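Just below is one structure, and these are the notes that go with it.
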Number of protein chains: 2
Amino acid sequence: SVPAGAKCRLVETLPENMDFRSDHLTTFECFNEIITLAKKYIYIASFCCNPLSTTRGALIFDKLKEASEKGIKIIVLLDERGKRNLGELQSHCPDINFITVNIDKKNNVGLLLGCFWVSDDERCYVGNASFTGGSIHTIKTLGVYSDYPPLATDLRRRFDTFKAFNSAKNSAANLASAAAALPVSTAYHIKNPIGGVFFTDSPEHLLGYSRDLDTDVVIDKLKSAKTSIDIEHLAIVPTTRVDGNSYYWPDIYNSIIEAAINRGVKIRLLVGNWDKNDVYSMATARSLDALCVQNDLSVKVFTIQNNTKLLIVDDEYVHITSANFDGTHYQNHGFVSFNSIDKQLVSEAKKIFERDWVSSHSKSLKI
Amino acid sequence: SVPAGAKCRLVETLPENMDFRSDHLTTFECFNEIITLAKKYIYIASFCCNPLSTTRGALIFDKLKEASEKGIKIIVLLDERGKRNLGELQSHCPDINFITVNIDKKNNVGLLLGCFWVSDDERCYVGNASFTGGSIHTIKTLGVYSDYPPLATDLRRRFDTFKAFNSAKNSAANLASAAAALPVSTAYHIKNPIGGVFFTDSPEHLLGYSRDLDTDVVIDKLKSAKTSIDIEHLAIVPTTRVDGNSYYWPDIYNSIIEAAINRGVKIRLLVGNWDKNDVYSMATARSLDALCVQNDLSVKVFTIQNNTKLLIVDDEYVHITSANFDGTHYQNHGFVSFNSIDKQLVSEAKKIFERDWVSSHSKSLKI
Ligand SMILES: O=C(NN1C(=O)[C@@H]2[C@@H]3C=C[C@@H]([C@H]4C[C@@H]34)[C@@H]2C1=O)c1ccc(C(F)(F)F)cc1
């Protein structure tokens, strides 16, 4: 019988100089566990790789180095734009396979975030802690750890898809022939979750015929919200800038406002500070402020380094990812999002949002 | 051979105390022509009927009264909410058939605007001049007159649909049986225009299987705009208030911003003033203002009484209607919109927008 919640527990980076506390497994403890228990492989994917920037990051890197010397197959996927550290990394760990990835050779916009560890087809982390010293030690992050092999194995299948986009030797990133020669498979999805858990995926051109596009799942859940929407992301601005040209994409932004105005949903947005000289973020803040007057919309801002990407709907659905709710991300970037409708796990996430909401690092939107 | 433009010419109400001038047929001249030439019927549809409020309105009413006494079948459709004047109207013209209409007995939101005259299946006016003294004399309006029978006859078919919703005697407004027993037909549409002209229709539940929903045509044209978008409407606010409850509907609002930010379209919005205490209109103005900074978006406001509803895209498409670009209208109200891609007619409309844009009644958006 499948265990409800698929053996998932929350994982946090709660830096010493911030006021957040919890009993959850820390990112540092979690990565140490995955490395300690590994017998065949450890596969890691994130945008940047920079473990040596903090004390705990370098400790994790040493344990990983030691594993690679005992015969563990260690593969680290990073985006071709996070490749500056590469020589430093390869000199530290000559037995680890560092692979740079370009998932968007057509337009050079899409980036690999993935942000997960999987090991031995039995254990995995997924969330928003990159393989950097900051995400392991000094930056607030949120993720999920599971030792349920069916779920871990499903996450490794995302690693198979991303590894195909290696920057070398015309296979699936430099050849459209063997890029269709990779079955982009998933065992679980929103129509067939495992113990209440499933992964959603991005972008659409890597989706294949069986995976769920995270854009569609997220927007549907926002539009289904009957009571409450809690979001902790870096920004909700319907505009992003790419190539020095602004790009308007209001799909999520509209879904939130629609829930508030048309359906009466209580919404709490905890988002990052913005540049007062960025007219598109000032304008967005001013509009959010006006909605706070006449609706049950509330907005608070943080200035701490914080990678948390969390969405909770109606206390029945939790979504934790590495992507930010904006158009550059949901139209282009390579990442995998954690979805669960397990009531217990959702309650733990809600307990984390309530904490962050009243933290001293969260200040009510003032305009 | 079908005459290009389908014999259409613009029609205007240019009040004496405003600075607008043109050589176009006036609403007063136009209505006098339709009445003078009528041999079988005159069918009129608008929200309110109140001719006696101005000198020219009452003159039109006298000519209409005189026609009804010579044997012309005169039918005037008005919404059940414009029925206060009815006793005054029926005492003035006992031989005119005044019919009140409720197109939305299900929810009591949708209103009849129609706003057109058709006569003898040969002549018609369509635009935003209601059958009121104000629209005929003291309020700026814009419309189209044609004496091309194929086009007039197509407009009369809209009158057939609306007349079915009479508030009396369970047929198509109080019975779902004989409401499906009315063929909702059109001869022309966007896929089959007559001389470059076609009508679009609203709302969707009166649409039948062959008419175009105005929402879809308008949004498609905005999304197709390659160069320019010129709009003169009463408001572009993505929120409207119905039943003392606000309703968010950003579809058109988004299409405009998308054209400006993503596609570089030069946009000029000439809209009505707003209540400074209406937070949703203040917020909308503030956002439009921010877009004026970084884009080729320009906004001017008028305070005159002005019913003009005009959209021009790329100097290749003109759209003149009685509905305002908002969600209450495009989801609920009964109206017919004039569409033309005739280059000559579009140039005349563009000449009118350029005039209004630099009129002294048009003041640049100041926030
Ligand atoms: O979203 C609204 N305004 N608004 C945009 O359209 C965005 C675009 C324009 C400026 C910035 C960014 C460039 C993108 C954003 C902004 O704040 C808004 C929503 C609801 C209401 C109402 F109060 F009516 F309910 C009014 C306004």
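Identifiers for the structure tokens are assigned positionally: chains receive A, B, ... in sequence, residues are indexed from 1 per chain, and ligands are indexed from 1 in the order shown.
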At most 8 Å from ligand 1 (only C-alpha atoms and all ligand atoms): residue list as a ChimeraX atom specification: /A:237-239,248,250,253-254,257,261,279-288,290-291 /B:237-240,248,250,253-254,257,279-284,286-288,290-291
Write out as a PyMOL selection string the residues lying within 8 Å of residue 103 of chain A, counting only C-alpha atoms and excluding same-chain residues fewer than 3 positions away. chain A and resi 110-112+162+165+173+334
Restricting the calculation to only C-alpha atoms, which member of A:187, A:78, A:259, A:206 is positioned closest to residue 50 of chain A?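 Among the listed residues, A:78 lies closest to residue 50 of chain A.
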Give the answer as one residue: which of A:256, A:45, A:25, A:74 has the shortest atom-to-atom distance to chain B, using only C-alpha atoms?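 That would be A:256, the residue with the smallest distance to chain B.
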Compile the contact shell of residue 307 of chain B as JSON, numbers by chain: residues with an atom at most 8 Å away, counting only C-alpha atoms, same-chain residues fewer than 4 positions apart removed. {"B": [128, 129, 135, 139, 140, 141, 142, 233, 234, 322]}
Please dump the current selection as a PDB file, in the first residue's frame; keep C-alpha atoms.
ATOM      1  CA  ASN B 128     -23.942  55.059 -30.670  1.00  0.00           C
ATOM      2  CA  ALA B 129     -26.673  57.711 -31.044  1.00  0.00           C
ATOM      3  CA  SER B 135     -27.833  61.800 -28.826  1.00  0.00           C
ATOM      4  CA  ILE B 139     -24.064  64.696 -27.069  1.00  0.00           C
ATOM      5  CA  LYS B 140     -21.142  63.782 -29.313  1.00  0.00           C
ATOM      6  CA  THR B 141     -21.975  60.562 -31.172  1.00  0.00           C
ATOM      7  CA  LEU B 142     -20.529  58.583 -34.082  1.00  0.00           C
ATOM      8  CA  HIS B 233     -14.343  54.768 -25.729  1.00  0.00           C
ATOM      9  CA  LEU B 234     -15.873  55.845 -22.437  1.00  0.00           C
ATOM     10  CA  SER B 322     -22.605  51.290 -28.928  1.00  0.00           C
TER      11      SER B 322
END
Separation of atom CA of residue 55 of chain A from atom CA of residue 8 of chain A in Å: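 Atom CA of residue 55 of chain A lies at a distance of 27.2 Å from atom CA of residue 8 of chain A.
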Identify, on the basis of only C-alpha atoms, every residue whose closest approach to residue 304 of chain A does not exceed 12 Å; exclude the query and any residue fewer than 4 positions from it along the same chain; express the result as a PyMOL selection string. chain A and resi 14-15+17-20+138-141+234+270-273+308+356+359-363
How would you write, as a PyMOL selection string, the set of residues in segment 117-356 of chain B that DSSP gives as strand (DSSP E)? chain B and resi 117-119+123-127+131-132+141-146+197-202+228-232+239-242+245-248+266-272+297-302+310-313+317-320+334-340
Interatomic distance (Å, one decimal) between atom CA of residue 327 of chain B and atom CA of residue 236 of chain B: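 Straight-line distance from atom CA of residue 327 of chain B to atom CA of residue 236 of chain B works out to 9.7 Å.
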What lies within 12 Å of residue 212 of chain A using only C-alpha atoms, ignoring chain neighbours under 3 positions off, as an NGL selection string? :A and (184-193 or 198-209 or 215-218 or 220 or 336-339)
Near-residue 155 of chain B list (10 Å; only C-alpha atoms; drop same-chain fewer than 3 positions) as JSON, numbers by chain: {"B": [116, 117, 118, 119, 121, 122, 123, 124, 125, 126, 149, 150, 151, 152, 158, 159, 160, 186, 187, 188, 198, 199, 336, 338]}
Non-local contacts of residue 9 of chain A (9 Å; only C-alpha atoms; under 4 positions in same chain excluded) as a PyMOL selection string: chain A and resi 5+24-25+143-146+345+348
Please save C-alpha atoms of the selected residues as a CSV table (one decimal), in the first residue's frame.
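As a result, selection-v1.csv now contains:
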chain,number,residue,atom,x,y,z
A,5,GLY,CA,2.4,11.8,1.3
A,24,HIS,CA,12.3,20.6,9.8
A,25,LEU,CA,15.2,18.8,8.3
A,143,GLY,CA,12.2,22.2,-0.4
A,144,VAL,CA,11.0,18.6,0.1
A,145,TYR,CA,12.8,15.4,0.8
A,146,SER,CA,11.5,11.9,0.1
A,345,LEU,CA,2.0,17.9,4.2
A,348,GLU,CA,3.1,21.8,7.5
Rank nothing, just name the residue among A:365, A:229, A:301, A:260 nearest to chain B, using only C-alpha atoms.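 For chain B, the nearest of the candidates is A:260.
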Atomic separation - atom CA of residue 292 of chain B relative to atom CA of residue 244 of chain A, Å: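 These atoms are spaced 18.1 Å apart.
Across A:104, A:230, A:95, A:326, the tightest approach to residue 313 of chain A is made by A:230 when counting only C-alpha atoms.
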